[PDB]
>>> print(open('final29.cif').read())   # mmCIF, N, CA and C atoms
data_upload
#
loop_
_atom_site.group_PDB
_atom_site.id
_atom_site.type_symbol
_atom_site.label_atom_id
_atom_site.label_comp_id
_atom_site.auth_asym_id
_atom_site.auth_seq_id
_atom_site.Cartn_x
_atom_site.Cartn_y
_atom_site.Cartn_z
ATOM 1 N N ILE E 1 -91.528 171.067 -129.668
ATOM 2 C CA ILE E 1 -91.819 171.553 -128.289
ATOM 3 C C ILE E 1 -91.339 170.528 -127.258
ATOM 4 N N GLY E 2 -91.555 169.265 -127.517
ATOM 5 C CA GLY E 2 -91.112 168.217 -126.552
ATOM 6 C C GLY E 2 -90.092 167.299 -127.227
ATOM 7 N N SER E 3 -90.530 166.172 -127.722
ATOM 8 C CA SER E 3 -89.584 165.230 -128.390
ATOM 9 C C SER E 3 -90.111 164.840 -129.774
ATOM 10 N N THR E 4 -91.254 164.207 -129.827
ATOM 11 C CA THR E 4 -91.822 163.797 -131.144
ATOM 12 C C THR E 4 -92.782 164.868 -131.667
ATOM 13 N N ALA E 5 -92.263 165.999 -132.063
ATOM 14 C CA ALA E 5 -93.144 167.084 -132.588
ATOM 15 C C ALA E 5 -93.863 166.622 -133.863
ATOM 16 N N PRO E 6 -93.102 166.127 -134.810
ATOM 17 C CA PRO E 6 -93.690 165.645 -136.084
ATOM 18 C C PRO E 6 -94.314 164.258 -135.902
ATOM 19 N N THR E 7 -95.118 164.081 -134.880
ATOM 20 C CA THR E 7 -95.768 162.755 -134.640
ATOM 21 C C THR E 7 -94.769 161.619 -134.850
ATOM 22 N N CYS E 8 -95.254 160.429 -135.045
ATOM 23 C CA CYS E 8 -94.342 159.287 -135.279
ATOM 24 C C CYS E 8 -94.322 158.947 -136.773
ATOM 25 N N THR E 9 -94.891 159.808 -137.583
ATOM 26 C CA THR E 9 -94.953 159.573 -139.057
ATOM 27 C C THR E 9 -95.835 158.361 -139.313
ATOM 28 N N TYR E 10 -96.894 158.541 -140.058
ATOM 29 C CA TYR E 10 -97.857 157.427 -140.332
ATOM 30 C C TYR E 10 -97.165 156.056 -140.456
ATOM 31 N N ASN E 11 -95.936 156.006 -140.896
ATOM 32 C CA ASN E 11 -95.255 154.685 -141.003
ATOM 33 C C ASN E 11 -95.218 154.041 -139.624
ATOM 34 N N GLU E 12 -95.299 154.843 -138.599
ATOM 35 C CA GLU E 12 -95.300 154.292 -137.220
ATOM 36 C C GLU E 12 -96.366 153.199 -137.110
ATOM 37 N N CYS E 13 -97.424 153.338 -137.861
ATOM 38 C CA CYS E 13 -98.521 152.332 -137.829
ATOM 39 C C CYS E 13 -98.425 151.377 -139.028
ATOM 40 N N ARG E 14 -97.249 151.192 -139.572
ATOM 41 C CA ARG E 14 -97.097 150.282 -140.752
ATOM 42 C C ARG E 14 -97.797 148.942 -140.502
ATOM 43 N N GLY E 15 -98.961 148.757 -141.068
ATOM 44 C CA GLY E 15 -99.700 147.477 -140.868
ATOM 45 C C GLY E 15 -101.208 147.742 -140.894
ATOM 46 N N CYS E 16 -101.696 148.503 -139.952
ATOM 47 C CA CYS E 16 -103.157 148.808 -139.904
ATOM 48 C C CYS E 16 -103.598 149.553 -141.172
ATOM 49 N N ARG E 17 -104.673 150.294 -141.095
ATOM 50 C CA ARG E 17 -105.155 151.044 -142.293
ATOM 51 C C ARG E 17 -106.177 152.113 -141.884
ATOM 52 N N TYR E 18 -105.848 152.921 -140.910
ATOM 53 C CA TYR E 18 -106.792 153.990 -140.464
ATOM 54 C C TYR E 18 -106.027 155.304 -140.267
ATOM 55 N N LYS E 19 -106.481 156.147 -139.376
ATOM 56 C CA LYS E 19 -105.770 157.437 -139.136
ATOM 57 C C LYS E 19 -104.592 157.193 -138.189
ATOM 58 N N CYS E 20 -103.428 157.668 -138.536
ATOM 59 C CA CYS E 20 -102.239 157.439 -137.660
ATOM 60 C C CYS E 20 -101.755 158.758 -137.050
ATOM 61 N N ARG E 21 -101.357 158.731 -135.805
ATOM 62 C CA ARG E 21 -100.870 159.974 -135.146
ATOM 63 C C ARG E 21 -100.152 159.623 -133.847
ATOM 64 N N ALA E 22 -99.273 160.471 -133.405
ATOM 65 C CA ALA E 22 -98.537 160.195 -132.142
ATOM 66 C C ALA E 22 -98.746 161.359 -131.171
ATOM 67 N N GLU E 23 -98.701 161.104 -129.891
ATOM 68 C CA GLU E 23 -98.921 162.212 -128.915
ATOM 69 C C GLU E 23 -98.157 161.957 -127.614
ATOM 70 N N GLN E 24 -98.069 162.954 -126.774
ATOM 71 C CA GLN E 24 -97.346 162.791 -125.486
ATOM 72 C C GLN E 24 -98.218 162.029 -124.485
ATOM 73 N N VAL E 25 -97.615 161.223 -123.655
ATOM 74 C CA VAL E 25 -98.405 160.451 -122.655
ATOM 75 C C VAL E 25 -97.668 160.430 -121.310
ATOM 76 N N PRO E 26 -97.971 161.399 -120.483
ATOM 77 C CA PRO E 26 -97.322 161.489 -119.152
ATOM 78 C C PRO E 26 -97.863 160.403 -118.219
ATOM 79 N N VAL E 27 -97.127 160.075 -117.192
ATOM 80 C CA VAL E 27 -97.594 159.023 -116.242
ATOM 81 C C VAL E 27 -97.456 159.513 -114.796
ATOM 82 N N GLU E 28 -96.394 160.209 -114.496
ATOM 83 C CA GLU E 28 -96.194 160.711 -113.111
ATOM 84 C C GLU E 28 -96.814 162.104 -112.948
ATOM 85 N N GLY E 29 -97.993 162.303 -113.473
ATOM 86 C CA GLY E 29 -98.661 163.632 -113.347
ATOM 87 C C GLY E 29 -97.759 164.732 -113.912
ATOM 88 N N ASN E 30 -97.480 165.739 -113.127
ATOM 89 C CA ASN E 30 -96.606 166.852 -113.606
ATOM 90 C C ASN E 30 -96.287 167.819 -112.463
ATOM 91 N N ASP E 31 -97.152 167.903 -111.489
ATOM 92 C CA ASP E 31 -96.917 168.823 -110.334
ATOM 93 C C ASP E 31 -95.492 168.666 -109.779
ATOM 94 N N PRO E 32 -95.122 167.447 -109.471
ATOM 95 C CA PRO E 32 -93.768 167.187 -108.922
ATOM 96 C C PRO E 32 -92.701 167.375 -110.007
ATOM 97 N N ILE E 33 -91.516 166.870 -109.782
ATOM 98 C CA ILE E 33 -90.424 167.023 -110.793
ATOM 99 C C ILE E 33 -90.903 166.579 -112.182
ATOM 100 N N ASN E 34 -90.389 167.189 -113.216
ATOM 101 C CA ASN E 34 -90.809 166.809 -114.597
ATOM 102 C C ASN E 34 -89.806 165.822 -115.202
ATOM 103 N N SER E 35 -90.098 164.551 -115.134
ATOM 104 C CA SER E 35 -89.165 163.537 -115.703
ATOM 105 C C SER E 35 -89.891 162.201 -115.898
ATOM 106 N N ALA E 36 -90.954 162.202 -116.657
ATOM 107 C CA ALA E 36 -91.712 160.942 -116.889
ATOM 108 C C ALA E 36 -92.745 161.144 -117.998
ATOM 109 N N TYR E 37 -92.344 161.732 -119.090
ATOM 110 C CA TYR E 37 -93.301 161.965 -120.213
ATOM 111 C C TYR E 37 -92.727 161.396 -121.515
ATOM 112 N N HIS E 38 -93.366 160.404 -122.078
ATOM 113 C CA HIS E 38 -92.851 159.807 -123.339
ATOM 114 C C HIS E 38 -93.788 160.114 -124.507
ATOM 115 N N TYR E 39 -93.538 159.513 -125.636
ATOM 116 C CA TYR E 39 -94.399 159.748 -126.831
ATOM 117 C C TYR E 39 -94.675 158.417 -127.534
ATOM 118 N N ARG E 40 -95.861 158.234 -128.051
ATOM 119 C CA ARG E 40 -96.177 156.952 -128.744
ATOM 120 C C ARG E 40 -96.988 157.219 -130.014
ATOM 121 N N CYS E 41 -97.102 156.238 -130.868
ATOM 122 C CA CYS E 41 -97.871 156.422 -132.129
ATOM 123 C C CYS E 41 -99.145 155.575 -132.081
ATOM 124 N N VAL E 42 -100.265 156.135 -132.459
ATOM 125 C CA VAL E 42 -101.533 155.366 -132.416
ATOM 126 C C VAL E 42 -102.211 155.359 -133.788
ATOM 127 N N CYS E 43 -103.027 154.373 -134.044
ATOM 128 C CA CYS E 43 -103.728 154.298 -135.348
ATOM 129 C C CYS E 43 -105.230 154.093 -135.135
ATOM 130 N N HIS E 44 -105.975 155.160 -135.033
ATOM 131 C CA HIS E 44 -107.448 155.029 -134.827
ATOM 132 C C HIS E 44 -108.192 155.457 -136.093
ATOM 133 N N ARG E 45 -109.488 155.296 -136.115
ATOM 134 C CA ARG E 45 -110.269 155.691 -137.318
ATOM 135 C C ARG E 45 -110.560 157.196 -137.285
#
>>> encode(input="final29.cif", output="structure tokens")
Amino acid sequence: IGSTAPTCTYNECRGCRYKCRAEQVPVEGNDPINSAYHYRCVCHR
């Protein structure tokens, strides 16, 4: 749908040891032009 559909692949968290997942993280809101949404990988429990 956007860029990282298949998350960042648990390897994205190579090191920790909990639940790994990636998601979209916008910064410039969205109402105005759409050009500021990236994706990152996180490792929480």
>>> atom_distance(input="final29.cif", atom1="CA of residue 45 in chain E", atom2="CA of residue 20 in chain E")
8.2 Å
>>> closest_residue(input="final29.cif", among="E:21, E:27, E:14, E:4", to="residue 42 in chain E", atoms="only C-alpha atoms")
E:21
>>> resolve_selection(input="final29.cif", expression="the PyMOL selection byres ((chain E and resi 7) around 6.5)", output="ChimeraX atom specification")
/E:4-6,8-10,21-23
>>> atom_distance(input="final29.cif", atom1="atom N of residue 19 in chain E", atom2="atom N of residue 43 in chain E")
6.6 Å
>>> select_by_dssp(input="final29.cif", residues="chain E", states="helix (DSSP H, G or I)", output="VMD selection string")
chain E and resid 10 to 13
>>> resolve_selection(input="final29.cif", expression="the PyMOL selection byres ((chain E and resi 37) around 6.5)", output="MDAnalysis selection string")
chainID E and resid 24:28 34:36 38:39
>>> build_atoms(input="final29.cif", residues="range 23-44 of chain E", atoms="N, CA, C and O atoms", output="PDB file, in the frame of the given file")
ATOM      1  N   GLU E  23     -98.701 161.104-129.891  1.00  0.00           N
ATOM      2  CA  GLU E  23     -98.921 162.212-128.915  1.00  0.00           C
ATOM      3  C   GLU E  23     -98.157 161.957-127.614  1.00  0.00           C
ATOM      4  O   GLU E  23     -97.656 160.875-127.374  1.00  0.00           O
ATOM      5  N   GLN E  24     -98.069 162.954-126.774  1.00  0.00           N
ATOM      6  CA  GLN E  24     -97.346 162.791-125.486  1.00  0.00           C
ATOM      7  C   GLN E  24     -98.218 162.029-124.485  1.00  0.00           C
ATOM      8  O   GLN E  24     -99.426 162.170-124.467  1.00  0.00           O
ATOM      9  N   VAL E  25     -97.615 161.223-123.655  1.00  0.00           N
ATOM     10  CA  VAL E  25     -98.405 160.451-122.655  1.00  0.00           C
ATOM     11  C   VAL E  25     -97.668 160.430-121.310  1.00  0.00           C
ATOM     12  O   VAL E  25     -96.862 159.556-121.062  1.00  0.00           O
ATOM     13  N   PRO E  26     -97.971 161.399-120.483  1.00  0.00           N
ATOM     14  CA  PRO E  26     -97.322 161.489-119.152  1.00  0.00           C
ATOM     15  C   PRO E  26     -97.863 160.403-118.219  1.00  0.00           C
ATOM     16  O   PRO E  26     -98.933 159.867-118.430  1.00  0.00           O
ATOM     17  N   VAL E  27     -97.127 160.075-117.192  1.00  0.00           N
ATOM     18  CA  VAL E  27     -97.594 159.023-116.242  1.00  0.00           C
ATOM     19  C   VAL E  27     -97.456 159.513-114.796  1.00  0.00           C
ATOM     20  O   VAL E  27     -98.304 159.259-113.963  1.00  0.00           O
ATOM     21  N   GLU E  28     -96.394 160.209-114.496  1.00  0.00           N
ATOM     22  CA  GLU E  28     -96.194 160.711-113.111  1.00  0.00           C
ATOM     23  C   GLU E  28     -96.814 162.104-112.948  1.00  0.00           C
ATOM     24  O   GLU E  28     -96.231 162.988-112.349  1.00  0.00           O
ATOM     25  N   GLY E  29     -97.993 162.303-113.473  1.00  0.00           N
ATOM     26  CA  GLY E  29     -98.661 163.632-113.347  1.00  0.00           C
ATOM     27  C   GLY E  29     -97.759 164.732-113.912  1.00  0.00           C
ATOM     28  O   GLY E  29     -97.321 164.671-115.045  1.00  0.00           O
ATOM     29  N   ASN E  30     -97.480 165.739-113.127  1.00  0.00           N
ATOM     30  CA  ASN E  30     -96.606 166.852-113.606  1.00  0.00           C
ATOM     31  C   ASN E  30     -96.287 167.819-112.463  1.00  0.00           C
ATOM     32  O   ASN E  30     -95.269 168.482-112.465  1.00  0.00           O
ATOM     33  N   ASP E  31     -97.152 167.903-111.489  1.00  0.00           N
ATOM     34  CA  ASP E  31     -96.917 168.823-110.334  1.00  0.00           C
ATOM     35  C   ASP E  31     -95.492 168.666-109.779  1.00  0.00           C
ATOM     36  O   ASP E  31     -94.777 169.639-109.643  1.00  0.00           O
ATOM     37  N   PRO E  32     -95.122 167.447-109.471  1.00  0.00           N
ATOM     38  CA  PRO E  32     -93.768 167.187-108.922  1.00  0.00           C
ATOM     39  C   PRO E  32     -92.701 167.375-110.007  1.00  0.00           C
ATOM     40  O   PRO E  32     -92.948 167.978-111.033  1.00  0.00           O
ATOM     41  N   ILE E  33     -91.516 166.870-109.782  1.00  0.00           N
ATOM     42  CA  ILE E  33     -90.424 167.023-110.793  1.00  0.00           C
ATOM     43  C   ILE E  33     -90.903 166.579-112.182  1.00  0.00           C
ATOM     44  O   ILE E  33     -91.729 165.695-112.312  1.00  0.00           O
ATOM     45  N   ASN E  34     -90.389 167.189-113.216  1.00  0.00           N
ATOM     46  CA  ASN E  34     -90.809 166.809-114.597  1.00  0.00           C
ATOM     47  C   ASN E  34     -89.806 165.822-115.202  1.00  0.00           C
ATOM     48  O   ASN E  34     -88.780 166.209-115.727  1.00  0.00           O
ATOM     49  N   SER E  35     -90.098 164.551-115.134  1.00  0.00           N
ATOM     50  CA  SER E  35     -89.165 163.537-115.703  1.00  0.00           C
ATOM     51  C   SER E  35     -89.891 162.201-115.898  1.00  0.00           C
ATOM     52  O   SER E  35     -89.493 161.183-115.367  1.00  0.00           O
ATOM     53  N   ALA E  36     -90.954 162.202-116.657  1.00  0.00           N
ATOM     54  CA  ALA E  36     -91.712 160.942-116.889  1.00  0.00           C
ATOM     55  C   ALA E  36     -92.745 161.144-117.998  1.00  0.00           C
ATOM     56  O   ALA E  36     -93.895 160.774-117.864  1.00  0.00           O
ATOM     57  N   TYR E  37     -92.344 161.732-119.090  1.00  0.00           N
ATOM     58  CA  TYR E  37     -93.301 161.965-120.213  1.00  0.00           C
ATOM     59  C   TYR E  37     -92.727 161.396-121.515  1.00  0.00           C
ATOM     60  O   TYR E  37     -91.710 161.850-122.002  1.00  0.00           O
ATOM     61  N   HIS E  38     -93.366 160.404-122.078  1.00  0.00           N
ATOM     62  CA  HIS E  38     -92.851 159.807-123.339  1.00  0.00           C
ATOM     63  C   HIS E  38     -93.788 160.114-124.507  1.00  0.00           C
ATOM     64  O   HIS E  38     -94.725 160.881-124.387  1.00  0.00           O
ATOM     65  N   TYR E  39     -93.538 159.513-125.636  1.00  0.00           N
ATOM     66  CA  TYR E  39     -94.399 159.748-126.831  1.00  0.00           C
ATOM     67  C   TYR E  39     -94.675 158.417-127.534  1.00  0.00           C
ATOM     68  O   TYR E  39     -93.817 157.558-127.606  1.00  0.00           O
ATOM     69  N   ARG E  40     -95.861 158.234-128.051  1.00  0.00           N
ATOM     70  CA  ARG E  40     -96.177 156.952-128.744  1.00  0.00           C
ATOM     71  C   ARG E  40     -96.988 157.219-130.014  1.00  0.00           C
ATOM     72  O   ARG E  40     -97.499 158.302-130.220  1.00  0.00           O
ATOM     73  N   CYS E  41     -97.102 156.238-130.868  1.00  0.00           N
ATOM     74  CA  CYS E  41     -97.871 156.422-132.129  1.00  0.00           C
ATOM     75  C   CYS E  41     -99.145 155.575-132.081  1.00  0.00           C
ATOM     76  O   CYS E  41     -99.118 154.425-131.688  1.00  0.00           O
ATOM     77  N   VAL E  42    -100.265 156.135-132.459  1.00  0.00           N
ATOM     78  CA  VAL E  42    -101.533 155.366-132.416  1.00  0.00           C
ATOM     79  C   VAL E  42    -102.211 155.359-133.788  1.00  0.00           C
ATOM     80  O   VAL E  42    -102.001 156.237-134.602  1.00  0.00           O
ATOM     81  N   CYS E  43    -103.027 154.373-134.044  1.00  0.00           N
ATOM     82  CA  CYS E  43    -103.728 154.298-135.348  1.00  0.00           C
ATOM     83  C   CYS E  43    -105.230 154.093-135.135  1.00  0.00           C
ATOM     84  O   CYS E  43    -105.709 152.979-135.064  1.00  0.00           O
ATOM     85  N   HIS E  44    -105.975 155.160-135.033  1.00  0.00           N
ATOM     86  CA  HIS E  44    -107.448 155.029-134.827  1.00  0.00           C
ATOM     87  C   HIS E  44    -108.192 155.457-136.093  1.00  0.00           C
ATOM     88  O   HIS E  44    -107.598 155.925-137.044  1.00  0.00           O
TER      89      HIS E  44
END
